[PDB]
Amino acid sequence: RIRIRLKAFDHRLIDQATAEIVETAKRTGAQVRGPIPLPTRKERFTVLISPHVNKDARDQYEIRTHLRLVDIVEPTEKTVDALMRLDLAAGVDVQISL
Amino acid sequence: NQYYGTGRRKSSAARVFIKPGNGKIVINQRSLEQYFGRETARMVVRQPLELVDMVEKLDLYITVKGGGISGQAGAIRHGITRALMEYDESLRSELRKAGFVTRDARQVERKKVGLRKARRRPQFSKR
Amino acid sequence: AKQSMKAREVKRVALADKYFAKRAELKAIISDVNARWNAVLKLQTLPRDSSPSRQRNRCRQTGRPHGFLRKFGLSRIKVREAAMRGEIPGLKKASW
Amino acid sequence: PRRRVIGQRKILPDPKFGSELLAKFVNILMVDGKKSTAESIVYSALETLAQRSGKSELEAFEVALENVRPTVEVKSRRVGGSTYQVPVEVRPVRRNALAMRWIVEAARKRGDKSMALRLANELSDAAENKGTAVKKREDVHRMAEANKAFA
Amino acid sequence: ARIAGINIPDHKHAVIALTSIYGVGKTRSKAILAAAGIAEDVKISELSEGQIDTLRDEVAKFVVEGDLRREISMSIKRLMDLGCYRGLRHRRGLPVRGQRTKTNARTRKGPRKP
Amino acid sequence: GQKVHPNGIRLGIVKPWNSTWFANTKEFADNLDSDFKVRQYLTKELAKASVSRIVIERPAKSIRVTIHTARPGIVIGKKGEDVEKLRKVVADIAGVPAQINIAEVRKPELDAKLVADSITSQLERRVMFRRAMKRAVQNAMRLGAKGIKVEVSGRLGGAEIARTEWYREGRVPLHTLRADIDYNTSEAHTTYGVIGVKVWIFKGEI
Amino acid sequence: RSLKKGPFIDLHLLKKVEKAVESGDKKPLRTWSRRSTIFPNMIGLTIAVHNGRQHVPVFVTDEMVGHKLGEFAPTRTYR
RNA sequence: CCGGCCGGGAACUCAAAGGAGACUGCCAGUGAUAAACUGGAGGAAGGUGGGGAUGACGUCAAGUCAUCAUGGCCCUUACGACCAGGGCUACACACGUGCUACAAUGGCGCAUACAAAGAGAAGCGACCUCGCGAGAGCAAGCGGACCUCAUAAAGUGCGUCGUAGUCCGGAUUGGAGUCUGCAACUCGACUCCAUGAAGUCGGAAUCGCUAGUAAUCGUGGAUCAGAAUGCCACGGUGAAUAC
Ligand SMILES: [Mg+2]
Ligand SMILES: [Mg+2]
Ligand SMILES: [Mg+2]
Ligand SMILES: [Mg+2]
Ligand SMILES: [Mg+2]
Ligand SMILES: [Mg+2]
Ligand SMILES: [Mg+2]
Ligand SMILES: [Mg+2]
Ligand SMILES: [Mg+2]
Ligand SMILES: [Mg+2]
C-alpha cells in the first residue's frame, strides 16, 4: 500500500535507517513486507594519475550506491506518524510514494 | 518430494530437479537435443549418470541462465551430481573421482589499465 | 587557466540561455515539415556564443579544458586531490 | 621452469571416441578456440581415412602416426662460443606431441581444397611414410646422427 | 554470351556473371535478373537466347561501360576545369576526400622511391 | 613519487570521510563546487583560529557543516556572535539554509593538519626547520602517539639547491590498513619560495 | 554532402550580392564567408575569398553553384 | 487468452547485509627429531585457492612553471584583451603503436540456440508509420532489478561458391544522400548506386603470453552537439608448452 525507497553510498548505515524504519512500524501498526536489499549500482571513475603524461599510471575510483525497499502494507495513522517525525540519517536518500 | 541440486559454472546457474521415472530430460522447457543436444557438450549433461545408472530410471527437469553453451551445460552437469545428493553419499564419492562434485571456479579475469586484455601486453619497441 | 579564457566561457553560458533554448527554438519547428518562406533559418545572426555547444567544459576549480568529468565537474588532477581527502562523498579507490 | 617443476593438465578424452590422444590432436589442430569447428575437421578426415584405408579408424591413425614419430632430437647448447648441437633421446610423451604437430602442420601447408581433405592426405601419405611430415622425421634424424659425434 | 558492353561474360551463376559489366555492383545485378524473371543461381547453359537479350535491355537502362567511363571521367575534369579543391587534388595525384598525407596516402600518391 | 595517499586508502576502513551527503549525478557536481567553496572561504577566515578539519553534510535542502577547531571559542566569538556572521555567508554560498556545528580539537598536537600548519607557520615566522620538525615530533610522542613522521621540502632555510629531510620517531606502518593514520599537509610560502610539509601520526590499530 | 534542407549562406554577403546586382558590379567584393553556397544570382561577379592572409579573386560561373566559396581559395601554400 | 500471466506460493535462481570455511592442520613419505617440500585424505576451495589494491630507504638535477601553486626574471596602449578567416588536418620521406586482409578452420544467403557488464531527463527512446537505406514524423514507458538504449557475435543447420587475384580483400574515386551544429569548403560521422589499389601469409630483425591465460568473438562506458581502428571495462568459446 506504501513503499519507501532508500539509497546511500554508505552501507553500514542505510540498513540502519531501514531496520530502524522497519522497527518503527512492526512496533506500531506493522505488516511491513520486510526490507528488500535490491541492486547496488556502483559507478566507476578511472583517471590518469600523473599531472603530465604517463598514460599507464591512473587511479581507479568507484562509488557504490545501495538500495532498500521497505513496503508497508497496513497504513495505520500511528504507523503513518511513525515515519513522520522519526526519520533522521542525513546522507540517506528516501523516496516516499513510489 | 522433489530432490534437487543447484550446479553453476562460469557465470551460468542451472537448477536440476530429480524424480525416479524415465530417462527424459527437460531444460528451459525444452528437449535436451532441442536446446544444445546436437552441439559442443551434448554428451556431458549425460555424464553425471555413469557409474550411477539410468537409461530411464529417474527423471530430470531443469532450467539454467547466464553465460554460454558450455557454461550452462557445465552448471547443469554440476547440478545433476548435486541432486544425486538425495540418493545418498555412497554414490557421491566416485562422483568425486568423476570430478563432477567440484565447483569449477575458473572465472574470466579483468582488463587492467596498462594492458590490452588481462595478460595481453602492448608490444613495445626499444627505439 | 587565464582569466580571459574563463571569462569567455561565462559569457558563453550567459548568452547560451539569454537566447538559445528560448529565442532559438524559433528554428526547432521552423525547420520541420511546415513546408517555403526562407526567412526561416536565415534568422541565424545571433551573438554566436548564444549557441550552447560553443561551450567547452572546464574544471570548475582550475579551468583545465582537458581531463574533465561530469559527475564531479573537475579535472582528474583536482578530482584525485579531493578524492584522497574524503571530500568527494562515496568515492574511494575501488578494486574488483 | 627455473624452479617450479610442474605436471600437466589432462584434457578430456575425445567426445566421439574416448581418447586422451585425439583431444591432444584436436587441440593442436584447433585455432582461435574454435573447438566446435575443430573436431569437425578431424573426424571428417578420419571418416575418409577410415574407409579410404578400411582398416578401422583408431588403428589406421596410429600406424600413420607410428611413422612421423621421432626418437632422437638435437637440443642446442650455446657454450664457450659454439652453439654446439647436442643430440638427446626424446621422451615418448613428446614423441607424438610433435608427430601430431608435424602432421597437422604439414597438412596446413598444402594444396587440397578443404583442411579435412589435406589432413586425410597427410594421414595417408604418412601411413605409407612418404609425406612432408615423415620427411620432418627423415631430417631430424639426419640432423641428429650427424651430431652423433657429440653425445 | 556478350550482353551490353564489348564485354562477354558467363559460365557460372548468373547474378555473379552479370557483375562483369562496368556499372553493376550486385544490387543492380539482383535488380536486373529479378526484373528479367530469371533465377539468379542459374548458369548460362539452359539460359537459351530467349532470356539473354531480355537482360540486354534491362542493362541497357543504366549508363554502364565506356559510356559510364566517359561520364565518370567527364565529372573528374569538371572539377579540374573549375579549379576547386577537390579538382586541384585530382590533378596533383593526392587524395581528394581529406585523408592525411603526412603518411599513408599511398594508394592515391602511388608507390615510393626517392 | 610513489606512495598511496595514506588517508585516502583508509577511508573504506578505519578513516572517516569529510563529506558525507548524498546527491545524484545531476547536483553531485553543483555540490562539490559549493563544498570546495565553503571550505575555501571558511579556512581563509578561521586561518588564525587553528581549524584542523571541516566536514559537510546537506541534510535535505539544507547544509550542516561541522568545523573541527583547537580554538572553539575564537571561532564562536562573543557569545555566539561569530558563528552567526559565518552561518550568514555560509548559507549565502550554499544556496540553502545553514546550521554549522563547532567540534573541539582535544590534544591538537595529535592533529596532522594542526601539526603541519604550525610548522608551516613557523617557517614564515622564520625559525630553524630542524628545530620545528623536532618540537612537533616530541610533543606528540609525548601526549600518546605510537609514532609520527614529519618531512619538509625545498630550499630548507635558503638553499639554491633544494632538499627534503624527515623525522620518523616511533612506529608508522603505512602498509597496514587497520592502523589509524592521520595524515595531512601544509605549505610554507616563504621569501625564497615554497616548502611542502607532510606529517604522519600513528595512533593505534583496529 | 550535408545541408539537405535549405542551402546555407551568410547575410551580410547575400546582401553584398544585391548591392551589386541591382547596381552593377563594383570592384572585387570581399567576404570572409568561405562558408556560403554560391547562388546563380552570383554568376558573373568576382568575389574576394579570404584564405588566411588575403582575399582571392574568384569569377563566378555556370557550375560553381553547389560549391562553397572556400572551394576556390587555397589555404596552405604548398610547393 | 499457453505470456509467470493472476491467485498465489517462500522452495529454488538471484538480489545485498551478516556469518562460518583453509591452518601445512590431518595421513604419509623427504629432510638434521627442524624449516620446508612432496604425495594422499576429505572438501566448493590445499599449500601465500584465483584476481585486485597496497610500490620501503633510495637511483636517474628523470618528467610536469601548460592542471593549479610558487622564488626570480621579462612585457603592460603589449608578451595583455576583443573579433573574423585560416592553421594545429600540409607531404619527397623515415620510425614507433595499432586497425583490415591475403581467404575455404573461409566468403555469401537463409533459418536459429546461449552472455556479461554499463548508460539514461538539455536523457534513454519503445511502438506505429514513412524511407532500399542512413534516417524521418508521430508517440508510450522509465531518474529506472519495472521502461529504453538492445535484435550479442563467435556458434549450430541448410544451401551456395571449388582454390581463381576468385562470389577472397576492401583501398581509392565518381554520383546521390542522411544527422548533428550558426556553420560539415579547408576537415565530421554515417547511408544508397556505382568503383574494386596493394595484398596469395611478408628480409634482416624484433614483440606478447604459463590457464579461463594466449588466440578468437561480439557488448558497454568515459570524453562528447557531433566526431573512436584509441583508451577503459564486459562476458562468449577456448588452447599449445615448460627437460
Ligand atoms: Mg575473455
Ligand atoms: Mg591563472
Ligand atoms: Mg565540444
Ligand atoms: Mg603508417
Ligand atoms: Mg603487503
Ligand atoms: Mg623537458
Ligand atoms: Mg604569484
Ligand atoms: Mg593539436
Ligand atoms: Mg566480399
Ligand atoms: Mg593468416
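The rules behind the values
- Residues numbered from 1 in each chain as written, not as in the entry; some residues may be left out.
- Chains lettered and ligands numbered in written order.
- Part of a larger assembly, values for the part shown.
- Heavy atoms only, no water.
- Helix = DSSP H or I, 4+ residues; strand = E, 2+ residues; numbered from the N terminus.
- Rg over C-alpha atoms; globule rule 2.2 N^0.38 Å.
- Buried < 20%, exposed > 50% of the residue type's maximum accessible area, 1.4 Å probe, protein only.
- Areas by Shrake-Rupley, 256 points an atom, 1.4 Å probe, with all protein chains shown as cover.
- Pairing = 2+ DSSP bridges.
- Axes fitted to C-alpha atoms, helices over the stretch in contact; angles between N-to-C directions.
- Contact = heavy atoms within 4.5 Å.
- Buried area = accessible area lost by both parts, 1.4 Å probe.
- Salt bridge = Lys/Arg side-chain N within 4 Å of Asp/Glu carboxyl O.
- Polar contact = N/O pair within 3.5 Å; in protein donor to acceptor, adjacent residues only side chain to side chain.
- Nonpolar A, V, L, I, M, F, W, Y, C, P; charged D, E, K, R; others polar.
- Near = heavy atom within 4 Å.
- Core = buried A, V, L, I, M, F, W, Y, C linked by side-chain atoms within 4.5 Å.
- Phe/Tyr/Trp six-rings, centres within 6.5 Å; stacked < 30°, edge-to-face > 60°.
- Parallel < 35°, antiparallel > 145°, perpendicular 65-115°, else oblique.
- Left-handed = near helix turned anticlockwise from the far one by under 90°.
- Domains from an automatic or database assignment.

## Some remarks on the overall build of chain C
So, step 1. Secondary structure assignment for chain C yields 3 helices and 3 strands.
So, step 2. The helix and strand sequence of chain C, counted from the amino end, reads α-α-β-β-α-β.
So, step 3. For a compact globule of 96 residues, the expected C-alpha radius of gyration is about 12 Å, and chain C comes in at 19 Å, more than 25% above that figure.
So, step 4. In terms of overall dimensions, chain C has a C-alpha envelope of 60 × 35 × 20 Å along the principal axes.
So, step 5. Residues classed as buried in chain C amount to 30% of the 96 residues present.
So, step 6. For chain C, the computed accessible surface area is about 6100 Å², with 54% contributed by carbon and sulfur atoms.

## Some points on the sheet that holds strand β6 (residues 193-202) of chain F
Residue and element names in this part refer to chain F.
So, step 1. Reading across the sheet, the 4 strands line up as β4-β3-β6-β5 and stay open at both edges, with antiparallel pairing between neighbours. Taken across any chain shown, the strands that pair with only one partner, and hence form the sheet edges, are β4 (168-170) and β5 (181-190). The average undirected angle you get between the axes of adjacent strands in this sheet is 10°.
So, step 2. Of the strand pairs in this sheet, strand β3 (residues 147-151) and β4 are connected by 3 bridges, and their pairing is antiparallel. Among the inter-strand pairings, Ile148 is bridged to a residue of β4, identified as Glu169.
So, step 3. Each of β3, β5 and β6 touches helix α5 (residues 112-125); the most contacted strand, β5, lies at about 15° to it.

## Considerations on the interface of chain C and chain F
So, step 1. Taken together, the contact pairs 18 residues of chain C with 20 residues of chain F.
So, step 2. Among the residues of chain C in contact with chain F, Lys71, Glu87 and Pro89 of chain C are the three that bury the most area, contributing 36% of the side total.
So, step 3. The partner of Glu87 of chain C in a salt bridge is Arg39 of chain F, and the shortest N-O contact between them spans 2.7 Å.
So, step 4. At the surface where chain C touches chain F, the tally comes to 6 residue pairs in polar contact.
So, step 5. Elements with a minimum of two residues in the side of chain C that touches chain F: α3 (76-84) and β3 (91-93) of chain C.
So, step 6. Grouping the constituent residues of the side of chain C that touches chain F by class yields 7 nonpolar, 4 polar and 7 charged.

## Here's the deal with the pattern of salt bridges
So, step 1. According to the stated counting rule, one finds 48 salt bridges over all chains in the structure shown.
So, step 2. A salt bridge links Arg119 of chain B to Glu109 of chain B, with the shortest nitrogen-to-oxygen separation between them at 3.0 Å. Of this pair, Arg119 of chain B sits in the segment after α3 (69-83) while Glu109 of chain B sits in the segment after α3, and the two are 10 residues apart along the sequence.
So, step 3. Classification of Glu109 of chain B as partly exposed rests on a relative accessible area of 37%.
So, step 4. Between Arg12 of chain C and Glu9 of chain C there is a salt bridge, and its shortest N-O distance comes to 3.8 Å. Here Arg12 of chain C pairs with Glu9 of chain C, and both are found in helix α1 (residues 3-18), just 3 residues apart, close to one helical turn.
So, step 5. Relative accessible area serves as the criterion here: at 15%, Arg12 of chain C is assigned to the buried category.
So, step 6. Each of the salt bridges in this network shares a partner with another, and the network as a whole consists of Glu9, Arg12, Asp49, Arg54 and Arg58 of chain C.

## Digging into the protein's contact with RNA strand H
So, step 1. With respect to spatial proximity, 176 residues lie near RNA strand H, and among them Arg8, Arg120 and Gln123 of chain B, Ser51 of chain C together with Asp32 of chain D are the closest.
So, step 2. Backbone atoms, meaning sugar and phosphate, make up 75% of the atoms of RNA strand H lying within 4 Å of the protein.
So, step 3. In terms of residue count, helix α5 (residues 85-92) of chain E provides more of the surface near RNA strand H than any other element does, 5 residues in total.
So, step 4. Its residues assigned to classes, the surface near RNA strand H comprises 52 nonpolar, 55 polar and 69 charged.

## Considerations on the interface of chain G and chain E
So, step 1. Contact with chain G, which involves 7 residues of that partner, is made by 7 residues of chain E.
So, step 2. In total, chain G and chain E occlude about 570 Å² of area from one another, counting both sides; carbon and sulfur atoms represent 68% of this.
So, step 3. Put simply, chain G and chain E have 0 salt bridges between them.
So, step 4. At the boundary of chain G and chain E, one finds 1 residue pair in polar contact.
So, step 5. Residue composition of the side of chain G that touches chain E, grouped by class: 4 nonpolar, 1 polar and 2 charged.

## A short note on the nonpolar core
So, step 1. Counting residues in hydrophobic clusters, the biggest one holds 35 residues, and the most contacted among them are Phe72, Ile88 and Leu91 of chain C together with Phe28, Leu42, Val65 and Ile100 of chain F.
So, step 2. Mapped by element, the contributors of at least two residues to this core are β2 (41-47) and β3 (59-68) of chain A, α3 of chain C together with α2 (25-45), β1 (51-55) and α4 (81-94) of chain F.
So, step 3. Ignoring sequence-local partners within four residues, the contact set of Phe72 of chain C consists of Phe45 of chain A, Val79, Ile88 and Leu91 of chain C together with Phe28, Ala29 and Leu32 of chain F.

## Some points on the packing of aromatic side chains
So, step 1. Taken as a whole and assessed by the stated rule, the structure comprises 12 aromatic pairs over all chains.
So, step 2. Both rings, one in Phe9 of chain A and one in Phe22 of chain F, keep their centres 4.5 Å apart while their planes meet at 20°; by these two values the pair is stacked. In this pair, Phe9 of chain A is assigned in the loop between β1 (5-8) and α1 (11-26) and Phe22 of chain F in the loop between α1 (6-10) and α2, connecting two distinct chains.
So, step 3. Overall, the relative accessible area of 12% leaves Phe9 of chain A in the buried class.
So, step 4. By relative accessible area, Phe22 of chain F is classed as buried at 12%.
So, step 5. Summarising the aromatic geometry, the rings of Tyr84 of chain D and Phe150 of chain D are spaced 5.3 Å apart at their centres and angled 75° between planes, so their arrangement reads as edge-to-face. Of this pair, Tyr84 of chain D sits in the loop between β1 (72-75) and β2 (86-89) while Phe150 of chain D sits in the segment after α7 (137-143); the two residues are 66 residues apart in sequence, bridging distant segments of the chain.
So, step 6. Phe150 of chain D gets classed as partly exposed once you look at its relative accessible area, which sits at 39%.

## A look at the environment of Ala8 of chain A
So, step 1. Along the chain, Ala8 of chain A turns up in strand β1.
So, step 2. Sequence-wise, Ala8 of chain A and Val94 of chain A are 86 residues apart; in three dimensions their C-alpha atoms are separated by 8.9 Å.

## Comments concerning the packing of helix α2 (residues 27-36) of chain E against helix α3 (residues 49-60) of chain E
Residue and element names in this part refer to chain E.
So, step 1. With their axes 9 Å apart at the nearest point, α2 and α3 run at an angle of 135° to one another. As judged from the angle between their axes, α2 and α3 are oblique. Once α2 is placed against α3, the crossing between them reads as right-handed. Contacts from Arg28, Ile32, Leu33, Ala35 and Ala36 of α2 reach α3 at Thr54, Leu55, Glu58 and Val59.
So, step 2. Across the contact of α2 with α3, the residue classes break down as 6 nonpolar, 1 polar and 2 charged.

## Thoughts on the domain arrangement of chain F
Residues and elements named next belong to chain F.
So, step 1. For chain F, the domain assignment lists domain 1 (16-106) and domain 2 (107-206).
So, step 2. With 6 residues of domain 1 at the contact, the number on the domain 2 side is 7 residues.
So, step 3. Contact with domain 2 buries surface across domain 1, with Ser52, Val105 and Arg106 losing the most and accounting together for 76% of the total.
So, step 4. Summed over the shared surface of domain 1 and domain 2, the result is 0 salt bridges.
So, step 5. Of the residues that constitute the side of domain 1 that touches domain 2, the class distribution is 3 nonpolar, 2 polar and 1 charged.

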